[PDB]
Number of protein chains: 4
Amino acid sequence: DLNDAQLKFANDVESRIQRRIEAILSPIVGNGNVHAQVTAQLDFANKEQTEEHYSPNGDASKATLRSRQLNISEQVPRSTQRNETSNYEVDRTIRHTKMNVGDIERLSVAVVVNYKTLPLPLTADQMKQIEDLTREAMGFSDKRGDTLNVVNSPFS
Amino acid sequence: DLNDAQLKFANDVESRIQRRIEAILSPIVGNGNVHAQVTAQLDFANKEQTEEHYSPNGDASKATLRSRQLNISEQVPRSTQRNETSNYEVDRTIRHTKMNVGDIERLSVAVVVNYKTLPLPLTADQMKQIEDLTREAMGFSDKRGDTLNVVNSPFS
Amino acid sequence: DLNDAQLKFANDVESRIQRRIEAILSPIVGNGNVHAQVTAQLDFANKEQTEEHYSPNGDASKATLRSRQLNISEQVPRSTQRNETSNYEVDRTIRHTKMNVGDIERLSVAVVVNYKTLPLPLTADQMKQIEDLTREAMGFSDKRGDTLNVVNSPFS
Amino acid sequence: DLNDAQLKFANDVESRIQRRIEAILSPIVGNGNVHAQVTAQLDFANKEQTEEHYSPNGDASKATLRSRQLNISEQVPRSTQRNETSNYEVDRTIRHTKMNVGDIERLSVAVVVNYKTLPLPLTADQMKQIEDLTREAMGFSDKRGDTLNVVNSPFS
């Protein structure tokens with residue numbers, strides 16, 4: 001029963017993205033001269049993370065001391081001694097996070113644009129504008145790994 | 001059921017932003033000569049953080065002492081001794097934070113502007129003013145990573 | 001009873017992918033001039049993972065110390081001694097994940113395209129566009145190992 | 001009673017594969033000019049696995065230390081001493097998996113293609129296309145060890 005819920009959730013996400021793309025693209029080319037299909041991958045795994053960090057204190061001008069002992073001796077046959085003990089206080093940061101189930105991982109979008117009749121193919125600048133608008137509509141992210149493909153061809 | 005609530009919340013946020021953009025842009029170009037689409041990414045993860053910091057006390061003019069012992073000896077064959085023990089009091093700061101679920105992470109906005117009929121394209125200065133107004137309306141933030149694209153093209 | 005549920009889930013996934021491919025391809029070649037078949041492999045195993053990592057502290061400028069003892073002696077027959085003891089604080093990260101049952105592992109898709117009658121085979125550019133659109137529709141992933149095969153042949 | 005369930009499950013899997021192959025192959029050669037038979041081997045054993053791994057720390061630039069003692073002496077008859085004790089923190093990964101009962105291990109498929117009447121045997125290119133489509137339909141995997149055999153012969 002959970003798998004069916006996952007399928008319906010994915011379908012809802014894809015339908016919302018497709019509706020947004022159609023809404024933004026309709027005023028330019030026409031009401032029924034564009035079609036789009038969206039496929040999405042979703043993460044349904046449970047993840048938790050805990051991170052702990054400390055700041056370096058190797059520099060004497062940055063360390064914080066709590067107690068220190070220092071003994072120095074010298075006899076002049078030359079003899080020299082030096083004993084040192086130190087205790088430090090350190091800066092510590094802890095973060096705990098629990099990830100959300102149902103996030104998007106990757107998107108792939110294909111768009112088909114009808115020819116203009118006044119059978120003449122669209123110009124390159126119009127195709128570039130259409131691609132830019134579609135990229136904005138999909139929330140394109142290079143880090144995620146999304147793919148987009150737009151094809152201009154006459155409709156049957 | 002939670003995922004549907006997340007979807008409706010995202011839709012509400014996007015609709016509010018779109019309504020604001022349309023409201024600010026309508027008086028300049030016209031009532032029905034502009035369209036906008038907004039897509040948003042939201043963070044639905046639970047995060048907590050604790051930070052602890054100390055101030056450095058390596059400078060003798062900044063340290064705070066609680067007790068100190070100092071023994072010095074000298075015999076004149078030259079002999080010299082020096083024993084020192086010190087205890088410090090330090091300044092400490094602690095901060096605890098719990099993040100809010102449902103914050104915005106990134107925004108992408110696409111706007112289409114109709115041609116002016118008195119078929120003449122709009123001037124560059126008008127496009128710059130429109131872009132500035134849209135940037136103000138979206139709450140543009142360079143740190144967040146928002147993207148905006150405005151296209152001037154005749155409407156079908 | 002579980003195996004029948006797995007079979008029906010796989011059939012639903014394949015049917016959804018086939019429907020998407022047919023929907024994207026229909027406007028270009030025609031309503032009834034394309035057929036597609038999809039077979040999918042699904043992972044129905046239960047997996048859990050725990051990962052723990054530490055940051056290196058071999059560099060003296062990156063380590064965080066809690067206490068340190070250092071004794072140095074020298075008599076001048078030349079004698080030299082040096083005793084050192086140190087205690088460190090380290091950065092540690094822990095992650096726990098539980099995988100989702102029912103994920104896709106591999107996809108194989110076969111498409112047949114009808115000849116154009118105005119018996120003339122389709123051009124190479126049209127075949128390339130069809131292949132690109134199908135690749136977008138299937139959510140093709142090279143890492144997963146998907147396979148696609150498109151054949152242009154007259155229909156009986 | 002379990003063995004009968006295993007037999008019916010295997011029959012269902014084989015019937016689904018045969019139906020897919022017939023559906024993809026019918027539009028090209030004809031409605032009743034192709035037959036296929038599928039036999040499958042299934043794994044009905046219960047298996048569990050646990051894996052544990054550690055990262056190497058032989059490089060001094062990658063190790064993480066918790067405490068270290070180092071004593072050095074030298075008298076100049078030349079005498080030299082060096083005592084060292086070290087304690088490490090290591091990265092550890094644990095994975096636990098439980099396999100799914102009822103997976104496919106190997107497939108064998110035989111197909112017979114009828115002669116074309118306009119008694120003329122089919123061309124080599126058509127046979128290659130049929131083989132490629134069948135390979136896509138069966139989800140052929142070289143690692144699994146599947147076998148396919150297609151024969152073109154007149155029907156009685």
Side-chain angles (χ1 to χ4, degrees), chain A residues 54-91, chain B residues 54 56-58 60 63 65-75 77-88 90, chain C residues 54-91, chain D residues 57-90:
Chain A
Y54 292 87
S55 303
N57 61 345
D59 202 331
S61 190
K62 302 238 154 133
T64 297
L65 266 156
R66 173 67 80 191
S67 39
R68 151 159 295 172
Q69 207 174 84
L70 187 46
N71 297 348
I72 301 169
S73 295
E74 169 170 326
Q75 293 178 335
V76 166
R78 282 42 74 170
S79 300
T80 318
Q81 257 176 348
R82 198 180 147 103
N83 291 8
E84 181 158 359
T85 303
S86 64
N87 291 88
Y88 293 100
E89 299 281 351
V90 302
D91 316 325
Chain B
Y54 292 87
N57 61 345
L65 266 156
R66 173 67 80 191
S67 39
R68 151 159 295 172
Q69 207 174 84
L70 187 46
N71 297 348
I72 301 169
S73 295
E74 169 170 326
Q75 293 178 335
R78 282 42 74 171
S79 300
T80 318
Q81 257 176 348
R82 198 180 147 103
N83 291 8
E84 181 158 359
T85 303
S86 64
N87 291 89
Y88 293 100
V90 302
Chain C
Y54 292 87
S55 303
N57 61 345
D59 202 331
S61 190
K62 302 238 154 133
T64 297
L65 266 156
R66 173 67 80 191
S67 39
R68 151 159 295 172
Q69 207 174 84
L70 187 46
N71 297 348
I72 301 169
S73 295
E74 169 170 326
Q75 293 178 335
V76 166
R78 282 42 74 170
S79 300
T80 318
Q81 257 176 348
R82 198 180 147 103
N83 291 8
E84 181 158 359
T85 303
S86 64
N87 291 88
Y88 293 100
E89 299 281 351
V90 302
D91 316 325
Chain D
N57 61 345
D59 202 331
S61 190
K62 302 238 154 133
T64 297
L65 266 156
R66 173 67 80 191
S67 39
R68 151 159 295 172
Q69 207 174 84
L70 187 46
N71 297 348
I72 301 169
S73 295
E74 169 170 326
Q75 293 178 335
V76 166
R78 282 42 74 170
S79 300
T80 318
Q81 257 176 348
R82 198 180 147 103
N83 291 8
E84 181 158 359
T85 303
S86 64
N87 291 88
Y88 293 100
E89 299 281 351
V90 302

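A, B, ... follow the sequence lines: proteins, then strands. Residue 1 opens every chain.
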Margin query: Once rounded to the nearest 0.5 Å, what's the spacing between atom OG of A:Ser73 and atom CG of B:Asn83?
Written below: 6.5 Å
Next item on the list: Measure across B:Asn87 and A:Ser67 and return the closest heavy-atom pair with its distance rounded to 0.1 Å.
Entry: ND2-CB, 3.9 Å
Check: So do the side chains of D:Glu74 and D:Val76 get within less than 4.5 Å of each other, counting heavy atoms only?
Finding: yes
Next item on the list: State, with a plain yes or no, whether a side-chain heavy atom of A:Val90 is found less than 4.5 Å away from one of C:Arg66.
Entry: yes
Checklist line | 4.5 Å side-chain heavy-atom contact, B:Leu70 and B:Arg82 | finding: yes
Margin query: Any non-hydrogen side-chain atom of B:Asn71 less than 4.5 Å from a side-chain atom of B:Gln81?
Written below: no
Notebook entry, point to check: Nearest heavy-atom pair of C:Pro56 and D:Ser61: which atoms, and what distance?
Noted result: CB-O, 3.9 Å
Next item on the list: State whether the side chain of B:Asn57 and the backbone N or O of A:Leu65 hold a donor-acceptor pair below 3.5 Å, judged by distance alone.
Entry: yes
Notebook entry, point to check: Would you find more than 12 non-hydrogen atoms of other residues, nucleotides or ligands less than 6.0 Å from C:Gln75 atom CD?
Noted result: no
Check: Do A:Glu84 and A:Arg68 come within less than 4.5 Å of each other through their side chains, counting heavy atoms only?
Finding: yes
